[PDB]
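What follows is calculated from the coordinates using simple rules that are stated; it is not laboratory data. Positions of Cβ are backbone-derived with ideal geometry, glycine not excepted, and every protein chain shown enters the neighbour counts.
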Amino acid sequence: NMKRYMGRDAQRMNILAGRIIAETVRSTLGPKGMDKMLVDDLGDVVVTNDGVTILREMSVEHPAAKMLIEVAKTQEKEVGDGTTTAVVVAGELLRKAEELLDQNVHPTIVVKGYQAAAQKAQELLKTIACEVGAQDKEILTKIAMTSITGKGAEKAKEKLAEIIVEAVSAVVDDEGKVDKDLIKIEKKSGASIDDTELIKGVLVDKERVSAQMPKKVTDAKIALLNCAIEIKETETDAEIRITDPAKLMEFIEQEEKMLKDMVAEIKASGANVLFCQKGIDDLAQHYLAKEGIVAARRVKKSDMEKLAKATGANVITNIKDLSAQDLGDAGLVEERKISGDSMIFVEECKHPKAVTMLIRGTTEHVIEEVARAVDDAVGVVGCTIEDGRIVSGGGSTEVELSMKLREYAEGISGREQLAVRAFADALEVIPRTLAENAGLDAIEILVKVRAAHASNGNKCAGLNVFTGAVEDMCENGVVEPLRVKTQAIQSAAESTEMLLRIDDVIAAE
Amino acid sequence: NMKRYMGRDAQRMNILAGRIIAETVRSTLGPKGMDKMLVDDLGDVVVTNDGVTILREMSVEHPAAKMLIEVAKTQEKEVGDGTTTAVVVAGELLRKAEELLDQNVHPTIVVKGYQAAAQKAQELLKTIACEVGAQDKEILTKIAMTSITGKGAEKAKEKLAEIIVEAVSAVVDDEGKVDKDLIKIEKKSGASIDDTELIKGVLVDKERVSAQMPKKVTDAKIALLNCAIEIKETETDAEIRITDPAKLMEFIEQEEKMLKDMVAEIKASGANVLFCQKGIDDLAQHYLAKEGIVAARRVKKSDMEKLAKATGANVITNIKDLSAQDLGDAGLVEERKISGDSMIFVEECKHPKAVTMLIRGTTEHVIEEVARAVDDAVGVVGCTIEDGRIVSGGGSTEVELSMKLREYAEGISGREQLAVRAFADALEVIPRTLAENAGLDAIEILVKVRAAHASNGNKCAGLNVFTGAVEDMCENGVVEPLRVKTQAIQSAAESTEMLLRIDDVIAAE
Amino acid sequence: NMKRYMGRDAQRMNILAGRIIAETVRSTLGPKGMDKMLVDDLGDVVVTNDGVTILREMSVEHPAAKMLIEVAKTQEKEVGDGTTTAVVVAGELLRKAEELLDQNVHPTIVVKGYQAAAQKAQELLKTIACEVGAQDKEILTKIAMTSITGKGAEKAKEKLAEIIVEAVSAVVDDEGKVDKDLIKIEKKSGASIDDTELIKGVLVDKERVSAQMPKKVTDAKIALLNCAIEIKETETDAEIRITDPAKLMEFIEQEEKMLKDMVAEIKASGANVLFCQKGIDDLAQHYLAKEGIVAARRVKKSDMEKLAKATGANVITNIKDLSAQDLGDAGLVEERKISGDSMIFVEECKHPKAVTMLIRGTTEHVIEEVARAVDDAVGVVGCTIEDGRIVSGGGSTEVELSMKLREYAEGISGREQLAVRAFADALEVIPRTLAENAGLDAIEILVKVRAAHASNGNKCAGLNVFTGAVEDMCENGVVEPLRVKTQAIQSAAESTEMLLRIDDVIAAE
Ligand SMILES: Nc1ncnc2c1ncn2[C@@H]1O[C@H](COP(=O)(O)OP(=O)(O)NP(=O)(O)O)[C@@H](O)[C@H]1O
Ligand SMILES: Nc1ncnc2c1ncn2[C@@H]1O[C@H](COP(=O)(O)OP(=O)(O)NP(=O)(O)O)[C@@H](O)[C@H]1O
Ligand SMILES: Nc1ncnc2c1ncn2[C@@H]1O[C@H](COP(=O)(O)OP(=O)(O)NP(=O)(O)O)[C@@H](O)[C@H]1O
Ligand SMILES: [Mg+2]
Ligand SMILES: [Mg+2]
Ligand SMILES: [Mg+2]
């Protein structure tokens, strides 16, 4: 009871399971790579080139495969881009590993050399990484442009990269990190892809609470309330008792006087637009509309935190302590009807720490894929602002890193040496699969790039899938954050070091 | 409808199916190899080290595997020994092939280099094969001794090899081939393995037709009859009519006078032992016994052909034309009770062209495996008598053949060159798996043997699984017929060249 | 009841079914094409590059597909080679046809232009076919060599083509056709592919009827008997009656005297080897062996007709009329044990009209594919002897025929003109798919070959899959019988003209 694979069977069972889900994303890799169509049990379809979203949203049951998906799952988590490359490298480390295991090289020697090599790979990547200033907009734009390409050249429009760089640059909390959650991504239809705009504001999925209120306010002062604009019932249970018929109107007029007071306290701060997180009582909607104050009820807790950071307001839980300095400032607050639905556009803000990317396109599935292309572009721009180190793309720093590990291996005595050469040769899978998907001769090209790296220059030389020939990738404008490669290598090395240590499997049910 | 594997899937489906049944026999290879126990649906068990009998008598259903079994199945057919080596080489050619297919090397280029290399391998084996005289008994005994070992050192007893060489030497039809079917293998119990004897005669599974007949005849003259010693009924339908009561005894006495005549015609030739293929009439058994002539009825057609070639008789279909010169001559014809059953031992013949190997042992499954070790020993001795060329064993001519193919590959321009190096490296699987099964370090040993082959000497240097260190295999006495290696390589090369050409599979039901 | 497809659905149902089995063989086409592995319900596997054997032995159920298989099935029937090209052309005529049907071109107009174009294609092929002498052995050898290639360059060995040409040249019945059934193809194991020999004789699957008979006869005179060498029982029912006891021996001795007479009548002709179609009586086997006459009983009726044409004998049904001039003459008749089984080799004949091709190889599936390569080579050599006209290969006469039909289309007014241009463009599928399977750029190459055909030269210019560039195919030695192309085009044109006329389908069950 119940199923057990022994030694050479358990090792080949896993290595194969890893190689086989690594081959599932191989064809997506590069600008000349292809998309996959995934359907589930409900008939819901999603078409994408994003490696991790393919692996995450497909039913994988083999335990060794589930564990190599973790590599892509934590690559989007730490970087944003490079999910397909991390898995493909992990796959080719497994292939190159069984060639040693079939030559009787003990798994502990393989894993020893694999780790000695991934250590060297990290400290070799630090020396070959160009140093770049966190505000070099022309270089950040190339980094954003190289990320959108790879999902395809047609998605990579110039004006979209400039928009992305300007949005990531805005949400930087001095000093000095980039929060990916601060850039709100909204997906609406329209005849677009080119109509995707950067909104320096927030988009709230709510309408004006009363129709009598204005629908367009310019240079508006915005107040944010966590308090409920209703009657304040006491915590210790309370009940009123009326014995005089003339006391009826007393309590009602006193209660509705508490609502007149609250609306008059909001006008005292000078605020003409109001976003309440809790509910607003019906009488108070009438008094607000009479004052000319645009208000919205039951706004999401997450949208209140967006508005607060974007306009420059404060979330106040006590309407009595609403000061005039706790109001935010936005150049336009308007209720538009975009794509059928009506929403409140709070835009044109002065100094935003939160920003909305309105991603638009013709069909919902087109929109959803451009959205995934921006999540990747935001990830790499954020990584260059934090790290300040970039490397050349097009499989260029893999060839350079490959040849430097091979001459590092010559200086290693022992059979661990074979595992370091194996590791080096595995890295060359990125330049090779860029060529396969391009249509070009992978074997031939890999030799021209390898020979154009020997001695001194170039280091920045790699395959250009559009030109066909081997070009200088730095002068071309093909660049990635250092974190894309160091993470992809480390996570591929650590997960395959673990699978290789397995010699027995025990599967139930 | 119904199941189809495309391109990279179909190629990996087959290659894997071939590698996996090649790994099923890997552990049997060598003197330090292990046996397999095979059970079927009926509960009938057979334990063996013979590669082909393992592959033949196990339920293999994968079409690509069925086709690599053909390699073992036609190795026993053409050589007798080397069935495991042929499959293991074919397996390692498949492994080394997907390493090229995963680097995008077109299958047509792989198969081109594989064939160019197997051509060279054949004409390189001709030069390194020592020339040996078809009757060099001390060398033929070494060739028989090297074959029995490998099924295990304990089976390889000195006196058994000498017996086998003397039996194969006897059945050689001048000029000048060896028929494996002329050496009759019989399996009887007893407390043995050491009681296996060479019988210069035939063992007939019959008894004396009448108990009154002698049970031991020395220097007997043997007559062989294809004719039935009964009354000859005419082909055109005949019937007798009796009208006189005195005519009853006439026909009966006349009919039994035809049987007296037939027995008197056999005694006229001088024959005192008689083997009839058809039936012998009851009256004629009595007259034969009265003359002292030992006879046996309904002897198998195959046993008549054995007796004819062994004693030097002629199979006569007409009892009237039984000359005195058509009798065979054997030194002892006796009815013994060996292992419970009683049989006629026709032994001690002068000049036999047929011979019986009485293989004996304690249990039926022990006997059956010693029988398989003799079928192999008879195969290789027969191959040395026909070919007259031998090579050194212990993975010695694989290392030599490997290093010569590698320097032949340097003289090849093109990507076919990678397939020739692959082919060379595949051959080193025999020295390597000899070391695995021995317990020794396969990687280390393979280097000492490879380095002891460079320059001039030795060529005859290989791994000695008993010594541990690399020894000169020719001086040790470890030698195989050239045909064991040239066949194993050619059949491994032709079958894997065919699987590699497959890119689509269509499996029904 | 039950399933009916209307108009545009029925037309697309069929065209698709035809395009889809045409794509099933597309990858086999050319020397750089790949093999298929076919498995059935019983687990029996066959691996082949032969187009028709793929289509024949796979379960195809779609009626429109079954009808396009007829095209390959009658291409082997009339030519032997070109089965894949005929189907692939038929497929591309269907593809090019729906492009017209989707532009509203009536099916009757399509089929009109298709037929006007296939007429022109036939009379254009007559002018571009080189005239070749039926005994130009160097040209016949190139034709045999071009046929074996395409199933793969590795099968195409020089010495095998010379053997094939010599065998087809031998069986020519003056004047002056070639019967494919006169060249007997036999498949036996061995370590071969190179051990395939031409036997100027017949190989009979029988043994010597008596072991006492010789096993090797040189310059033997062979008698062939359709008569049974037994006692002749009368047709009108007969029965013998014996009343005298001395009459018993009378009839037996008289009956066996009829057998002594028959054997003495065969020795009278001077024949020392005998092949009987019926049975031979046991007494008569003894008398034959005593005379030294090698005989074989119950020889197949088909093998008797082989021997008769090969040795130069006559099949005699009356043993009394066996003249001395009715004996055949063969240089060697021997009973060998080839591949385990023992057979009678009747070889080295003087003037054979029947010939045996002993096709040998290492595994049964390797043998069976080389056998299919020879059936194709025999087909094309036979077509060149009969026709005396050949064309250039490598998709060369398709490009030339394509460009000549396109300028013939300009001289056609009406919408039928669109179907003639469609037909011309469909022919370019052979040069294009030769390039796809080679790996080369199909679009680019097709332009270099098309441009190297314009004006005068070359006409014999086409793609060389080994060189890569466009070469002169006549000087290279790449040539096909005219019948391969004219048959492939006619059968593709007639079957797709019929499918295109279908507008309604009625499928039951
Ligand atoms: N114009 C270009 N020329 C050559 N290589 C390029 C170009 N643009 C991008 N690349 C390279 O292509 C790879 C990116 O391919 P892509 O298919 O997007 O996969 P990924 O980024 O690894 N994963 P993911 O985008 O998360 O699905 C990187 O190695 C880039 O350096
Ligand atoms: N004393 C020895 N030392 C080293 N190698 C040996 C020795 N005896 C035999 N061999 C080698 O061991 C191999 C034979 O091993 P074995 O396990 O019998 O398989 P096989 O002969 O390939 N097939 P089979 O015997 O038909 O099951 C050959 O390559 C021999 O040359
Ligand atoms: N050396 C060569 N160079 C270029 N073309 C060649 C060469 N040899 C053969 N051909 C062409 O390749 C085609 C034959 O390919 P092949 O794959 O054998 O299919 P087929 O002959 O159409 N059918 P079949 O052989 O019956 O399976 C013909 O059009 C040949 O003229
Ligand atoms: Mg990307
Ligand atoms: Mg052996
Ligand atoms: Mg052909």
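So if we plug the beta-carbon distance of A:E78 and A:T363 into 1/(1 + (r/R0)^6) with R0 = 41 Å, what FRET efficiency do we get, rounded to 0.05?
On the way: r = 32 Å, r/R0 = 0.77.
Approximately 0.85, to the nearest 0.05.
Taking θ = phi - 60°, what integer Hz values does the Karplus form 6.51 cos²θ - 1.76 cosθ + 1.60 yield along the range A:170-182, in sequence order, with x for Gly and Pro?
Coupling constants for the range A:170-182: 6, 8, 6, 8, 6, 10, x, 8, 10, 8, 5, 7, 7 Hz.
How far apart, in nm, are two points set 7 Å out from the Cα along the Cα-to-Cβ line at C:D173 and at A:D181?
Placing both labels 7 Å beyond Cα along the Cβ direction yields 9.2 nm.
If the chain between A:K159 and A:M37 were fully stretched, how many nm would it gain, using 0.36 nm times the residue separation less the Cα-Cα distance?
On the way: separation 122, 0.36 × 122 = 43.92 nm, distance 2.82 nm.
Length difference between fully extended and current span is 41.1 nm.
Report the percentage of all Cα-Cα pairs in the range A:417-509 whose separation exceeds 18 Å, rounded to a whole percent. Could you put the intermediate results ahead of the total?
Numbers: 2542 of 4278 pairs.
I get 59 percent for the Cα pairs in the range A:417-509 exceeding 18 Å.
Between beta-carbons, use under 14 Å as the cut-off and find the net charge around C:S27, counting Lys and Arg +1, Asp and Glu -1. All intermediate terms of the calculation are to be shown ahead of the outcome.
Numbers: positive: B:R4, B:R8, B:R501, C:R26, C:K32, C:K36, C:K151, C:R432; negative: B:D503, B:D504, C:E23, C:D35, C:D50, C:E436.
With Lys, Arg at +1 and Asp, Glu at -1, the net is +2.
Placing +1 on the Cβ of each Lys and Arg and -1 on the Cβ of each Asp and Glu in the range A:201-352, which of A:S302, A:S323, A:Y287 has its Cα farthest towards the positive end of the resulting dipole?
A:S302
If we sort C:248-256, C:389-397, B:418-426, B:294-302 on the protection proxy, mean other Cβ atoms within 10 Å, highest first, what's the order?
On the way: C:248-256: 15.9, C:389-397: 26.2, B:418-426: 24.0, B:294-302: 18.0.
By packing density, highest mean first, the sequence is C:389-397, B:418-426, B:294-302, C:248-256.
Could you give each residue of the range C:423-435 its phi-based ³J(HN,Hα) in whole Hz, using Karplus coefficients 6.51, -1.76, 1.60 with θ = phi - 60°, and x for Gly or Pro?
Once rounded to whole Hz, the list reads 5, 4, 5, 6, 4, 6, 7, 6, x, 6, 6, 6, 6.
Calculate the spin-label point distance for C:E386 paired with C:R406, positioning each point 7 Å from the Cα along the beta-carbon direction, and give it in nanometres.
Taking the two extended label points, one gets 3.4 nm.
Provide the FRET efficiency to the nearest 0.05 for the B:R8-C:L332 pair, computing r from the beta carbons and using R0 = 51 Å.
Between B:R8 and C:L332 the formula returns 0.45.
Is any residue of the range A:457-488 close enough, with backbone N under 17 Å, to a label point placed 7 angstrom from the Cα of A:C130 along the Cα-Cβ axis, and if so, which?
Under cut-off, by backbone N: A:457-464, A:471-485.
In square nanometres, what is the average projected area of the Cα convex hull of chain A? Walk me through the numbers before you get to the answer.
Values: hull surface 128.7 nm².
Convex hull of Cα atoms, orientation-averaged projection: 32.2 nm².
Give me the net charge for the shell around A:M258: Cβ to Cβ below 12 angstrom, other residues only, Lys and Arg +1, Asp and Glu -1. Write down the numbers at each step before the final one.
On the way: positive: A:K232, A:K257, A:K260, A:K320; negative: A:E230, A:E233, A:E253, A:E255, A:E256, A:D261, A:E265, A:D281.
Net local charge, A:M258 excluded: -4.
May I ask you to list the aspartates and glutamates whose Cα is less than 19 Å away from that of B:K290, ignoring any residue fewer than eight positions away on the same chain?
Counting by Cα, and skipping residues close in sequence, B:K290 has these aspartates and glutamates nearby: B:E207, B:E230, B:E253, B:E255, B:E256, B:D261, B:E265, B:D281, B:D282, B:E334, B:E335.
Taking the 0 to 90 degree range and rounding to the nearest ten, how far is the long axis of helix B:442-451 tilted relative to the main principal axis of chain B, both from C-alpha atoms?
Between the helix axis and the principal axis of chain B, the angle is about 80 degrees.
Round to the nearest 0.05 the FRET efficiency obtained for A:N1 and A:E61 when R0 = 22 Å and r is the Cβ-Cβ distance. Don't skip to the end; give the middle numbers.
Values: r = 20 Å, r/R0 = 0.89.
E(calc), rounded to 0.05, equals 0.65.
In the structure shown, do any of A:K151/A:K337; B:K66/C:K155; A:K77/A:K155; B:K151/B:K485; C:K36/C:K459 have a Cα-Cα gap over 29 Å, and if so which?
Over 29 Å Cα-Cα: A:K151/A:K337; C:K36/C:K459.
Return the calculated 222 nm mean residue ellipticity for chain C, to the nearest 500 deg cm²/dmol, obtained by summing -39500 (n - 2.57) across DSSP H runs with n ≥ 4 and dividing by the residue count. Working shown, then result.
Numbers: 17 runs with 230 residues, N = 509.
Here the helix-only value at 222 nm equals -14500 deg cm²/dmol.
Over the range C:201-352, what per residue volume does the convex hull of the Cα atoms give, in whole Å³?
Details: hull volume 18.4 nm³, N = 152.
Residue-normalised Cα hull volume stands at 121 Å³.
Can you grab the distance from the C-alpha centre of the range A:36-56 to the C-alpha centre of the range C:81-140, Å, no decimals?
Centre-to-centre (Cα) distance: 45 Å.
Name the residues whose placed amide hydrogens come within less than 5 Å of the amide hydrogen of B:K221, ignoring near sequence neighbours (fewer than 5 apart) on the same chain.
B:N272, B:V273
Using amide H atoms built in the peptide plane, which far-off residues or other-chain residues are under 5 Å from C:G331 H to H?
Distant-sequence amide H within range of C:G331: C:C349, C:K350.
Under the Karplus relation 6.51 cos²θ - 1.76 cosθ + 1.60, θ = phi - 60°, what is the ordered set of whole-Hz ³J(HN,Hα) values for the range A:332-349, x standing for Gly and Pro?
8, 10, 9, 9, 9, 10, 9, 6, x, 6, 9, 9, 9, 8, 9, 10, 6, 7
Across every pair of different alpha-carbon atoms, what Kirkwood hydrodynamic radius in Å does the protein assembly as shown reach? Write down the numbers at each step before the final one.
Numbers: mean 1/r = 0.0248 Å⁻¹.
One over the average 1/r among Cα pairs gives 40.3 Å for the protein assembly as shown.
For chain B, give me every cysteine whose Cβ has no other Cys Cβ within less than 4.7 Å, ordered by residue number.
When partners are defined as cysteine Cβ atoms under 4.7 Å apart, chain B leaves B:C130, B:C227, B:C276, B:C349, B:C383 without one.
Counting only residues 5 or more places away or on other chains, whose amide H sits under 5 Å from the amide H of B:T196 once H atoms are built in the peptide plane?
B:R360
Specify the angular offset, from 0 to 90 degrees and rounded to the nearest 10, of the alpha carbon long axis of helix C:248-266 from the longest principal axis of the alpha carbons in chain C.
50
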